[PDB]
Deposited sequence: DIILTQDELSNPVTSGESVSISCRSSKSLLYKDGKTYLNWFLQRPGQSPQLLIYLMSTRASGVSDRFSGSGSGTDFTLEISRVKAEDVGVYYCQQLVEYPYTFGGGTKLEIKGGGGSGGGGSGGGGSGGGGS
């Protein structure tokens, strides 16, 4: 199984932050696409999609969020952190069965 590694814990409102996700294996598929997703789970809510195919922002997601990566290292960049961004950020891969998630990174504002 592909292992995705995230720090358990990650800031002031308006600062920028990034979330790291490290994969045990390349997530590039033979079609040239990288099947890596980012979700935010706000406190006591269901997860919501932010990014798919490593760097595509989902419809309705703020352009404050962007995704990048290279090899086995992936990054979610958040410009201008807001109260609504508080929660747990999960990465996930869909390139191999079984689909697997990172352990989640908690973001809090001080």
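According to the record, no C-alpha positions are given for deposited positions 11-12, 113-132, numbered from 1.
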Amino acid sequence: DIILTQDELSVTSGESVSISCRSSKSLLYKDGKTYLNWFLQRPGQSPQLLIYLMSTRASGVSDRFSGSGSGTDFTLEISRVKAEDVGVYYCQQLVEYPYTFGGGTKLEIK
From here on, numbers count along this sequence of modelled residues.
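Looking at 46-54 and 29-37 together, the entry lists the larger mean B-factor for 29-37, computed on C-alpha atoms. In this PDB entry, the Cα temperature factor of residue 76 sits in the bottom third of its chain's modelled residues, the lowest group. When the modelled residues of the chain are ordered by their C-alpha B factor, residue 11 lands in the highest third. When all modelled residues of the chain are sorted by CA temperature factor, residue 3 is found within the middle third. Placement of the Cα temperature factor of residue 91 within the chain: lowest third of the modelled residues, per the deposited record.
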